[PDB]
Amino acid sequence: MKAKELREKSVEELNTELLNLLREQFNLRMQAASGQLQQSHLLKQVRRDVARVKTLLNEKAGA
Amino acid sequence: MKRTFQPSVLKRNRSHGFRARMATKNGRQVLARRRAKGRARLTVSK
Amino acid sequence: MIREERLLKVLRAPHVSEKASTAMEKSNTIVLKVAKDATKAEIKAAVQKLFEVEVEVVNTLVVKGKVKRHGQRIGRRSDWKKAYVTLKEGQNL
Amino acid sequence: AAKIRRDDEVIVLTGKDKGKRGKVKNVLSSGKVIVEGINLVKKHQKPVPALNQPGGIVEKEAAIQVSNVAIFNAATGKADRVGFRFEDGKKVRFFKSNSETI
Amino acid sequence: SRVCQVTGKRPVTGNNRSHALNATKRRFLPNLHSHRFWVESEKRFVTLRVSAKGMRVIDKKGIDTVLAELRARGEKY
RNA sequence: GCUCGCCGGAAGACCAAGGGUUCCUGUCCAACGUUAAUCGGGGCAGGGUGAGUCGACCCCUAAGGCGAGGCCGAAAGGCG
RNA sequence: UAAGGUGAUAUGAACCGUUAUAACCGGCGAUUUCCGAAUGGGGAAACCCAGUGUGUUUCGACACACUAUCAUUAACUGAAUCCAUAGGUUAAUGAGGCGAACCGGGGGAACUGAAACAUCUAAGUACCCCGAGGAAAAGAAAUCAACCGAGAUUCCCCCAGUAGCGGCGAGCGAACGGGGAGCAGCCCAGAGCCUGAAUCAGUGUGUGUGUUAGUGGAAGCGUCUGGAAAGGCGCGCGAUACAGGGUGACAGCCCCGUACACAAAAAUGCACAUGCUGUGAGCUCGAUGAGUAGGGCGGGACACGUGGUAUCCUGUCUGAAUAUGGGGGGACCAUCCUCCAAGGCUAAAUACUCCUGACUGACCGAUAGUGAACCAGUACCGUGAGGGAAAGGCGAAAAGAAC
């Protein structure tokens with residue numbers, strides 16, 4: 001949800017958006033479809049968090 | 001021998017399907033009047 | 001390789017049958033569950049892109065989700081797809 | 001202004017329950033409240049796997065009206081009236097109930 | 001509608017009357033023809049379409065109407 | 001499950017128009033079933049359905065609609 | 001503004017915040033699927049098939065942004081051809097689809113009113129087609145007047161149901177002018193000096209004022225009655241403030257609210273001041289509305305139907321002058337007076353209301369008020385356009401099936 005850094009070296013924050021398509025949503029959706037950890041907030045950790053990052057990635061130039 | 005209408009699916013679109021109406025200015029009035037009546041069945045081929 | 005990473009929306013659910021852990025003790029081919037589009041052109045490589053497991057042969061079929069849900073409000077039911085994938089020497093997919 | 005608040009204890013002066021002590025738990029739509037220790041309702045509860053205390057019935061809390069509730073004075077077990085004013089922060093007592101106008 | 005340009009012409013509605021004054025509605029029309037002209041600044045010979053008595057008002061101004069008021073708010077040649 | 005009866009160029013079995021969960025299994029009877037409902041073209045849940053070669057589809061297209069250029073009709077609309 | 005919140009049926013687990021990055025309210029922005037103007041190209045609406053460049057790739061293929069059409073302005077290349085133009089191409093500017101009413105130009109009935117019907121009326125309505133603006137239409141005189149002059153346009157009340165028109169039949173009906181509502185006049189047919197002029201549309205800044213957050217701001221207690229009071233009784237207290245609506249039965253004073261008090265991140269309507277972009281003064285000397293005015297006839301339009309018919313429009317034949325020249329002054333002539341066509345733009349009084357934010361009703365209360373108070377334009381029916389139900393109702397509290 002929260003970070004202490006703001007739009008420096010955005011090329012690595014955009015490279016985290018590649019892991020978001022290769023593993024992090026695959027594992028989270030499969031884990032929840034497996035009923036594991038039993039947390040309903042855990043499937044709510046990508047929403048409203050990644051939008052803050054994708055907003056700064058709409059201005060990744062000058063980072 | 002037979003009564004009423006034939007069940008064939010191509011003649012269920014080739015008179016009143018979306019493009020067959022949208023390509024005619026009076027057929028666009030069916031869409032306008034149904035939006036003005038609030039009717040959910042805006043297409044009747046299904 | 002080849003296609004976009006955004007295409008890999010697949011294999012996000014365990015198979016619905018208790019057969020999922022016995023299929024490889026009967027034959028060389030395991031069962032998987034997929035979405036409304038099973039990515040037929042990518043799925044034979046998607047297993048390497050998600051599990052690093054490779055398969056010899058692939059097939060996909062539809063399991064029709066039925067329709068009856070609420071008598072009068074007629075609520076949507078959604079179809080699902082099932083895959084049969086052949087393993088040379090492995091068993092965990 | 002507000003007149004009840006959750007920051008300290010209150011006294012109910014309303015229907016079913018009057019002259020009795022409590023504190024706010026939660027606020028509801030269009031202005032109703034739930035208050036600690038109110039007389040509650042019997043309630044069956046249709047069977048569920050949740051813990052529901054020994055024997056039958058849950059004995060469940062009920063919401064109350066907010067128009068006939070006051071702040072509790074502690075010293076003599078009565079209502080208190082002072083008024084509240086403060087800018088840009090959490091409100092502060094203004095102490096005006098002194099019969100000062102003409 | 002018929003292209004008339006320099007004459008402003010449009011279709012027009014009128015009437016016919018009998019000896020008992022009975023009314024029969026009639027329509028009037030522009031009668032059109034295509035003409036060849038020389039203006040030199042286009043290098044090519046130019047071809048324009050106007051209604052009757054149109055050339056008799058173009059020829060008043062030599063080339064001025066042909067290079068402006070005819071084409072500029074009308075049709076190309 | 002066994003008779004007896006009837007169709008047998010059909011009252012057998014496919015292709016087509018069309019229909020779409022009716023297939024295999026448990027469970028239920030608020031409503032259906034021209035008489036009971038234990039049964040299901042019924043209500044609720046489960047199980048299974050994998051083709052480049054068969055049907056779409058697609059390459060070539062008839063009759064033909066639409067139509068760049070282009071030419072008509074106050075105008076909806078005309079023709080190619 | 002702040003201690004509340006995570007839409008509802010819809011509960012149950014669970015989570016975010018109570019101190020600044022929890023919802024919430026006010027402003028300004030991000031991202032905005034596939035189809036639809038829908039725009040590579042194709043199509044059965046949410047479908048199918050492609051290329052160029054970039055990235056990499058034993059070259060298959062996907063991403064990334066990109067590729068509809070036409071006009072207008074500026075230019076590069078250009079078919080018969082020569083010069084040109086059509087096509088091709090880049091930048092700029094415009095058009096493209098949908099909505100409630102008003103409105104501009106064009107098309108356009110029958111039934112009906114004439115106690116029948118034929119000119120007249122119905123009616124340039126109903127309805128359709130192309131399209132424009134906050135309004136549109138109209139305007140600063142080629143108008144009327146009448147020896148006395150009026151004087152931009154428009155809508156309301158009058159002149160007037162008059163002057164007049166009409167198978168003189170039914171019916172139709174001017175203006176000029178008076179009162180009142182509204183109050184700035186210029187350009188083009190050119191270009192020189194002048195040079196930002198007086199002005200205006202948009203916008204910023206300043207202020208003043210609406211509009212979109214908001215916070216403060218008066219007075220009633222007990223007792224009996226009762227399921228419960230605000231009733232009764234005791235008697236009180238407030239007022240620049242007794243409307244509307246709640247709290248266990250009907251409290252001015254319990255609560256919401258009212259009269260009253262206070263202010264400016266940002267956005268937007270108005271007014272004055274004023275920068276910025278565009279447009280534009282002043283002065284002098286030029287220029288001056290030609291297939292249409294006139295001359296006839298047919299028809300249409302004006303209140304006015306061809307009559308004792310001008311005006312205004314346009315179908316056709318004929319067809320000017322340059323100011324004592326020319327239109328008009330309601331057949332026609334002579335004499336006088338009046339205005340300057342053949343080229344345009346204006347603010348406001350005028351028409352209308354989908355819609356932003358609010359306030360009320362001698363307003364209805366389920367056979368009434370919207371088809372329509374309830375997941376009603378739904379069910380249901382139709383080749384389809386289209387048509388279109390029946391079903392409103394506890395309580396102080398949901399305390400609802402523990403068992």
# chains A, B, ... in the order shown; residues from 1 in each chain; ligands from 1
>>> interface_residues(of="chain A", to="chain G", cutoff="8 Å", atoms="only C-alpha atoms (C1' of nucleotides)", output="PyMOL selection string")
chain A and resi 39-41+55
>>> residues_around(residues="residue E:73", least_positions_apart="3", cutoff="10 Å", atoms="only C-alpha atoms (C1' of nucleotides)", output="number ranges by chain")
E: 5-6, 68-70, 76
>>> interface_residues(of="chain F", to="chain B", cutoff="10 Å", atoms="only C-alpha atoms (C1' of nucleotides)", output="ChimeraX atom specification")
/F:17-18,66,76
>>> residues_around(residues="residue E:8", least_positions_apart="2", cutoff="10 Å", atoms="only C-alpha atoms (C1' of nucleotides)", output="PyMOL selection string")
chain E and resi 3-6+10+30+50-51+54
>>> select_by_dssp(residues="stretch 10-92 of chain D", states="strand (DSSP E or B)", output="ChimeraX atom specification")
/D:10-13,18-22,24-28,32-35,41,60,64,69-72,79-80,84
>>> write_last_selection(atoms="N, CA and C atoms", output="PDB file, in the first residue's frame")
ATOM      1  N   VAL D  10     -22.175   9.226  28.232  1.00  0.00           N
ATOM      2  CA  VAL D  10     -23.451   9.894  27.967  1.00  0.00           C
ATOM      3  C   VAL D  10     -24.590   9.269  28.779  1.00  0.00           C
ATOM      4  N   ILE D  11     -25.689  10.010  28.901  1.00  0.00           N
ATOM      5  CA  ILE D  11     -26.919   9.625  29.593  1.00  0.00           C
ATOM      6  C   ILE D  11     -28.100   9.698  28.618  1.00  0.00           C
ATOM      7  N   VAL D  12     -28.859   8.609  28.514  1.00  0.00           N
ATOM      8  CA  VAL D  12     -30.040   8.529  27.638  1.00  0.00           C
ATOM      9  C   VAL D  12     -31.267   9.088  28.357  1.00  0.00           C
ATOM     10  N   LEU D  13     -32.117   9.826  27.635  1.00  0.00           N
ATOM     11  CA  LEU D  13     -33.336  10.484  28.124  1.00  0.00           C
ATOM     12  C   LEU D  13     -34.557  10.132  27.229  1.00  0.00           C
ATOM     13  N   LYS D  18     -34.334   5.708  29.884  1.00  0.00           N
ATOM     14  CA  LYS D  18     -34.106   7.082  30.355  1.00  0.00           C
ATOM     15  C   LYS D  18     -33.485   7.149  31.758  1.00  0.00           C
ATOM     16  N   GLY D  19     -32.574   8.097  31.969  1.00  0.00           N
ATOM     17  CA  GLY D  19     -31.796   8.283  33.206  1.00  0.00           C
ATOM     18  C   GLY D  19     -30.596   7.326  33.319  1.00  0.00           C
ATOM     19  N   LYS D  20     -30.261   6.593  32.249  1.00  0.00           N
ATOM     20  CA  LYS D  20     -29.268   5.501  32.255  1.00  0.00           C
ATOM     21  C   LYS D  20     -27.974   5.856  31.516  1.00  0.00           C
ATOM     22  N   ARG D  21     -26.863   5.347  32.045  1.00  0.00           N
ATOM     23  CA  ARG D  21     -25.469   5.627  31.666  1.00  0.00           C
ATOM     24  C   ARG D  21     -25.005   4.710  30.532  1.00  0.00           C
ATOM     25  N   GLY D  22     -24.152   5.220  29.645  1.00  0.00           N
ATOM     26  CA  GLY D  22     -23.482   4.434  28.605  1.00  0.00           C
ATOM     27  C   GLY D  22     -22.456   5.263  27.823  1.00  0.00           C
ATOM     28  N   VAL D  24     -21.152   5.703  23.309  1.00  0.00           N
ATOM     29  CA  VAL D  24     -21.410   5.350  21.899  1.00  0.00           C
ATOM     30  C   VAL D  24     -20.480   4.228  21.420  1.00  0.00           C
ATOM     31  N   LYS D  25     -21.043   3.296  20.647  1.00  0.00           N
ATOM     32  CA  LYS D  25     -20.336   2.208  19.956  1.00  0.00           C
ATOM     33  C   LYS D  25     -20.229   2.490  18.454  1.00  0.00           C
ATOM     34  N   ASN D  26     -21.354   2.767  17.792  1.00  0.00           N
ATOM     35  CA  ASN D  26     -21.405   3.135  16.372  1.00  0.00           C
ATOM     36  C   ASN D  26     -22.631   4.001  16.018  1.00  0.00           C
ATOM     37  N   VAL D  27     -22.478   4.835  14.986  1.00  0.00           N
ATOM     38  CA  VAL D  27     -23.493   5.738  14.412  1.00  0.00           C
ATOM     39  C   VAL D  27     -24.085   5.144  13.126  1.00  0.00           C
ATOM     40  N   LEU D  28     -25.395   5.302  12.926  1.00  0.00           N
ATOM     41  CA  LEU D  28     -26.183   4.751  11.818  1.00  0.00           C
ATOM     42  C   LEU D  28     -26.734   5.842  10.876  1.00  0.00           C
ATOM     43  N   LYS D  32     -29.161   7.650  14.067  1.00  0.00           N
ATOM     44  CA  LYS D  32     -29.466   6.702  15.155  1.00  0.00           C
ATOM     45  C   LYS D  32     -28.125   6.159  15.670  1.00  0.00           C
ATOM     46  N   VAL D  33     -28.077   5.628  16.892  1.00  0.00           N
ATOM     47  CA  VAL D  33     -26.831   5.160  17.534  1.00  0.00           C
ATOM     48  C   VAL D  33     -26.998   3.818  18.246  1.00  0.00           C
ATOM     49  N   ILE D  34     -25.884   3.125  18.484  1.00  0.00           N
ATOM     50  CA  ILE D  34     -25.791   1.970  19.391  1.00  0.00           C
ATOM     51  C   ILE D  34     -24.937   2.393  20.594  1.00  0.00           C
ATOM     52  N   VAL D  35     -25.442   2.166  21.810  1.00  0.00           N
ATOM     53  CA  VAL D  35     -24.845   2.607  23.084  1.00  0.00           C
ATOM     54  C   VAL D  35     -24.600   1.422  24.025  1.00  0.00           C
ATOM     55  N   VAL D  41     -32.573  -6.857  22.871  1.00  0.00           N
ATOM     56  CA  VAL D  41     -33.716  -7.678  22.425  1.00  0.00           C
ATOM     57  C   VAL D  41     -33.445  -9.186  22.507  1.00  0.00           C
ATOM     58  N   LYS D  60     -29.424  -9.894  21.719  1.00  0.00           N
ATOM     59  CA  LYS D  60     -28.680  -9.015  20.786  1.00  0.00           C
ATOM     60  C   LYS D  60     -29.022  -7.539  20.978  1.00  0.00           C
ATOM     61  N   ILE D  64     -30.839   2.824  19.038  1.00  0.00           N
ATOM     62  CA  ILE D  64     -31.683   3.822  19.702  1.00  0.00           C
ATOM     63  C   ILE D  64     -31.659   5.181  18.983  1.00  0.00           C
ATOM     64  N   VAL D  69     -30.655  12.402  24.065  1.00  0.00           N
ATOM     65  CA  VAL D  69     -29.439  11.917  24.742  1.00  0.00           C
ATOM     66  C   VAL D  69     -28.577  13.130  25.123  1.00  0.00           C
ATOM     67  N   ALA D  70     -27.897  13.076  26.271  1.00  0.00           N
ATOM     68  CA  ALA D  70     -27.091  14.157  26.842  1.00  0.00           C
ATOM     69  C   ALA D  70     -25.711  13.661  27.321  1.00  0.00           C
ATOM     70  N   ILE D  71     -24.766  14.572  27.566  1.00  0.00           N
ATOM     71  CA  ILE D  71     -23.458  14.235  28.158  1.00  0.00           C
ATOM     72  C   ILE D  71     -23.576  14.060  29.684  1.00  0.00           C
ATOM     73  N   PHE D  72     -22.850  13.086  30.241  1.00  0.00           N
ATOM     74  CA  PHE D  72     -22.969  12.650  31.638  1.00  0.00           C
ATOM     75  C   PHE D  72     -21.977  13.376  32.560  1.00  0.00           C
ATOM     76  N   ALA D  79     -27.246  15.073  33.791  1.00  0.00           N
ATOM     77  CA  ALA D  79     -26.841  15.679  32.520  1.00  0.00           C
ATOM     78  C   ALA D  79     -25.978  16.945  32.727  1.00  0.00           C
ATOM     79  N   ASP D  80     -25.098  17.239  31.767  1.00  0.00           N
ATOM     80  CA  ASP D  80     -24.213  18.412  31.710  1.00  0.00           C
ATOM     81  C   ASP D  80     -24.494  19.226  30.425  1.00  0.00           C
ATOM     82  N   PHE D  84     -19.704  23.883  22.679  1.00  0.00           N
ATOM     83  CA  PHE D  84     -18.396  23.503  22.115  1.00  0.00           C
ATOM     84  C   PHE D  84     -18.002  24.361  20.895  1.00  0.00           C
TER      85      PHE D  84
END
>>> residues_around(residues="residue C:91", least_positions_apart="3", cutoff="12 Å", atoms="only C-alpha atoms (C1' of nucleotides)", output="PyMOL selection string")
chain C and resi 20-31+53-55+85-88
>>> select_by_dssp(residues="stretch 4-71 of chain E", states="alpha helix (DSSP H)", output="ChimeraX atom specification")
/E:55-58,64-67
>>> residues_around(residues="stretch 52-58 of chain F", least_positions_apart="2", cutoff="12 Å", atoms="only C-alpha atoms (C1' of nucleotides)", output="list in words")
residues 15, 16 and 60 of chain F; 48 and 49 of chain G
>>> residues_around(residues="residue B:32", least_positions_apart="6", cutoff="10 Å", atoms="only C-alpha atoms (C1' of nucleotides)", output="PyMOL selection string")
(chain B and resi 26+38+42) or (chain G and resi 98)
>>> residues_around(residues="residue A:56", least_positions_apart="5", cutoff="9 Å", atoms="only C-alpha atoms (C1' of nucleotides)", output="list in words")
residues 6, 7, 10 and 51 of chain A
